[PDB]
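Undergrad: Hey, dropping query.cif in here, mmCIF, C-alpha atoms:
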data_structure
loop_
_atom_site.group_PDB
_atom_site.id
_atom_site.type_symbol
_atom_site.label_atom_id
_atom_site.label_comp_id
_atom_site.auth_asym_id
_atom_site.auth_seq_id
_atom_site.Cartn_x
_atom_site.Cartn_y
_atom_site.Cartn_z
ATOM 1 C CA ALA A 348 -4.014 -4.260 -0.330
ATOM 2 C CA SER A 349 -6.514 -7.100 -0.116
ATOM 3 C CA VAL A 350 -5.177 -10.648 0.001
ATOM 4 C CA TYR A 351 -6.663 -11.588 -3.374
ATOM 5 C CA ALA A 352 -5.207 -8.396 -4.887
ATOM 6 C CA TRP A 353 -1.807 -8.753 -3.247
ATOM 7 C CA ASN A 354 0.598 -5.921 -4.032
ATOM 8 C CA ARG A 355 4.112 -6.551 -5.351
ATOM 9 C CA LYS A 356 7.032 -4.166 -4.825
ATOM 10 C CA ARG A 357 10.261 -4.517 -6.814
ATOM 11 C CA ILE A 358 13.554 -3.858 -5.019
ATOM 12 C CA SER A 359 16.699 -3.265 -7.106
ATOM 13 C CA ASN A 360 19.985 -1.758 -5.836
ATOM 14 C CA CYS A 361 19.421 -0.660 -2.255
ATOM 15 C CA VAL A 362 21.124 -1.571 1.014
ATOM 16 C CA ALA A 363 18.772 -2.763 3.747
ATOM 17 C CA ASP A 364 19.142 -3.661 7.427
ATOM 18 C CA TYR A 365 16.948 -6.651 8.277
ATOM 19 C CA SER A 366 18.284 -6.492 11.870
ATOM 20 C CA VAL A 367 16.069 -3.606 13.012
ATOM 21 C CA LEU A 368 13.022 -5.574 11.811
ATOM 22 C CA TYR A 369 14.070 -8.959 13.207
ATOM 23 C CA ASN A 370 14.779 -7.333 16.595
ATOM 24 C CA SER A 371 11.287 -5.765 16.677
ATOM 25 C CA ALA A 372 8.595 -7.223 18.936
ATOM 26 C CA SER A 373 5.987 -5.323 16.891
ATOM 27 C CA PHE A 374 6.018 -8.122 14.293
ATOM 28 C CA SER A 375 3.876 -10.975 15.617
ATOM 29 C CA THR A 376 5.320 -13.410 13.046
ATOM 30 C CA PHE A 377 8.824 -13.600 11.534
ATOM 31 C CA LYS A 378 9.431 -16.964 9.849
ATOM 32 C CA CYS A 379 11.904 -17.709 7.060
ATOM 33 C CA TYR A 380 12.067 -20.671 4.681
ATOM 34 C CA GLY A 381 15.092 -21.850 2.712
ATOM 35 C CA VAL A 382 17.290 -19.295 4.510
ATOM 36 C CA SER A 383 18.010 -18.915 8.211
ATOM 37 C CA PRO A 384 16.328 -15.864 9.793
ATOM 38 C CA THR A 385 19.443 -15.021 11.828
ATOM 39 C CA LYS A 386 21.974 -15.206 8.994
ATOM 40 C CA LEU A 387 20.195 -12.841 6.591
ATOM 41 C CA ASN A 388 22.421 -9.775 6.174
ATOM 42 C CA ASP A 389 25.259 -11.680 4.479
ATOM 43 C CA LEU A 390 23.135 -13.115 1.652
ATOM 44 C CA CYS A 391 23.209 -11.321 -1.701
ATOM 45 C CA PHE A 392 20.614 -11.573 -4.474
ATOM 46 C CA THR A 393 20.083 -9.543 -7.634
ATOM 47 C CA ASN A 394 16.422 -8.627 -7.025
ATOM 48 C CA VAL A 395 13.894 -8.606 -4.182
ATOM 49 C CA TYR A 396 10.112 -8.963 -4.377
ATOM 50 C CA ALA A 397 7.893 -7.688 -1.551
ATOM 51 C CA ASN B 165 8.958 -0.374 -16.002
ATOM 52 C CA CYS B 166 11.939 1.292 -14.310
ATOM 53 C CA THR B 167 14.709 -0.782 -12.722
ATOM 54 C CA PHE B 168 17.148 2.055 -11.915
ATOM 55 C CA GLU B 169 17.127 5.834 -11.502
ATOM 56 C CA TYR B 170 20.022 8.122 -10.569
ATOM 57 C CA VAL B 171 20.249 11.902 -10.162
ATOM 58 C CA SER B 172 23.382 13.978 -9.586
ATOM 59 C CA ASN B 188 35.553 23.532 -24.638
ATOM 60 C CA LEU B 189 36.181 19.840 -25.335
ATOM 61 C CA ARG B 190 34.572 16.837 -23.640
ATOM 62 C CA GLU B 191 35.415 13.180 -24.282
ATOM 63 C CA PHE B 192 33.391 10.170 -23.126
ATOM 64 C CA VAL B 193 33.775 6.405 -23.476
ATOM 65 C CA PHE B 194 30.660 4.231 -23.190
ATOM 66 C CA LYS B 195 31.016 0.459 -22.974
ATOM 67 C CA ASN B 196 29.112 -2.528 -21.588
ATOM 68 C CA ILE B 197 31.188 -5.417 -20.207
ATOM 69 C CA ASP B 198 29.902 -8.344 -18.112
ATOM 70 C CA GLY B 199 26.675 -6.560 -17.236
#
Mind converting the file's structure to structure tokens?

TA:
Amino acid sequence: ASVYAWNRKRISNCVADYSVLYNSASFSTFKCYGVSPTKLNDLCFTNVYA
Amino acid sequence: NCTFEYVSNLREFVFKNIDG
């Protein structure tokens, strides 16, 4: 979607593996704020917005 | 607005809601 019409995806109850994305050179930018990008798999939150 | 979706004589069932 366009930047002004940014799309929002809701993520409830699903296991995910942020290690296959962090280990990918395809992504030109991977920067995290408020939470370390390495220690990401341990964290647990009730909902995720994308 | 869907936040969950799952798909799988006498019958007894017990339905309750405790601590979410």

Undergrad: For CA of residue 385 in chain A and CA of residue 355 in chain A, quote the distance in Å rounded to one decimal.

TA: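 Separation of CA of residue 385 in chain A and CA of residue 355 in chain A: 24.5 Å.
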
Undergrad: Could you please tell me, as a count of residues only, which residues of chain A have an atom within 9 Å of chain B when using only C-alpha atoms?

TA: 4

Undergrad: Residues picked by the PyMOL selection byres ((chain A and resi 386-397) around 12) here, as a list in words?

TA: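 Selection result, ordered by chain and number: residues 353, 354, 355, 356, 357, 358, 359, 360, 361, 362, 363, 364, 365, 366, 367, 368, 369, 378, 379, 380, 381, 382, 383, 384 and 385 of chain A; 167 and 168 of chain B.
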
Undergrad: Draw an axis-aligned box tight on the listed atoms of range 385-392 of chain A, then pad every side by 8 Å and write out centre and edge lengths in Å to one decimal as AutoDock Vina command-line options.

TA:
--center_x 22.4 --center_y -12.5 --center_z 3.7 --size_x 21.8 --size_y 21.4 --size_z 32.3
